[PDB]
């Protein structure tokens, strides 16, 4: 499991072949670039382990860099590895209430630092 496999599960997968996967990879790259150029997201990203880095990329892939950067309080919790504190707030969001199954997987990934939520 990795960010690409993770996002394929959360997003559709399937449609379009190697040309479609170029667009997918480009969107993953754009998400990472969005993180690394944002003053609020980069220090969080830098502090995170490889598994939780994927979780953050996932959020930015879905909502965009400006959207994710709006989670100021949760991002602070993530930066100091207070996973449960972050989880409480992230679960109370437009994001969660619009895509609850995906958001729960992403949040659980933040909580555990494992890929267990994607083993199903």
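Numbering follows the first chain given and starts at 1.
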With B-factors read from the PDB entry, the higher C-alpha mean of 91-99 and 55-63 is in 91-99
Quick one: say whether 13-21 or 101-109 has the higher mean Cα B-factor in the deposited entry.
-> 13-21
Of the three thirds of the chain ranked by Cα temperature factor, residue 118 occupies the highest
CA B-factor placement of residue 37, once the chain's modelled residues are sorted into thirds = highest
How does residue 73 rank on Cα B-factor within its chain, lowest, middle or highest third?
-> highest
Chain-relative C-alpha B factor for residue 6 (record values, thirds): the middle
